């Protein structure tokens, strides 16, 4: 709730443009005073967007004290532009990384999964839902540590609804806000992410999005699998099988998944990502 009505250039020095997503650009910046490096996610706004509607989402991201959640430092509104300031992760997303390094090993994937689960267990304990688990939203810093990127803010500045809000029935409004989601949907997304990291794509990546969603509603839908059976351990395959449980009633929770063989095995540490980063330099 500390949204500063200041120019973030008073506190930070912009260094370079990391890129830009569906909305907004991301900058690498340095704090004037501490010299520390931060990430600034910028989002352009109209005189139509109201900022106070975001205050609940920014509360969510601010009151998140976990090692596997990227750190929030404040927000800045200035001249119709919104800036979210966060702890900087030098290596970027797993997707930035595997697009150069090629597929991850089972050990690297296992460690990432464990770390992601740790952050999810936390989030779900605070009754929050990430909603967008995927390789592009898992950040790696230069110490090989793993951070879930920001959530719940990007999808509310979705000027797109199947309908028009002022004319929406209450039941429609409810679904348009919640998305029918539940916490265990993060667990499914994690399973797909593990395949993504293993195969450089999520399943059905070469197929139109709408068709993919259609197919998931058919009576006899079959959850995706690892393509190459021989390449991966029985434990990995089972991890995939149980995270991609079709019914959300039978799908294991984050803390339950943390007890899984694949992520509770010894020897999982950031060293695994460190030689992944070394591979980046080769």
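Residue numbers count along the first chain shown, from 1.
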Unresolved deposited positions lying between residue 184 and residue 185 come to none
Between 174-182 and 106-114 (mean CA B-factor, as deposited), the higher: 174-182
Taking only the CA atoms, which stretch has the higher mean B-factor in the record, 13-21 or 267-275? 13-21
Looking at 55, 253, 238, 245, which has the highest Cα B-factor in the entry? 55
Highest Cα B-factor in the PDB entry belongs to which of 85, 207, 168, 79? 79
Third of the chain's Cα B-factor distribution that residue 159 belongs to, per the entry: highest
Residue 69: which third of its chain by C-alpha temperature factor? lowest
Chain-wide C-alpha B factor ranking for residue 230, given as lowest, middle or highest third: lowest
Residue 153: which third of its chain by C-alpha temperature factor? highest
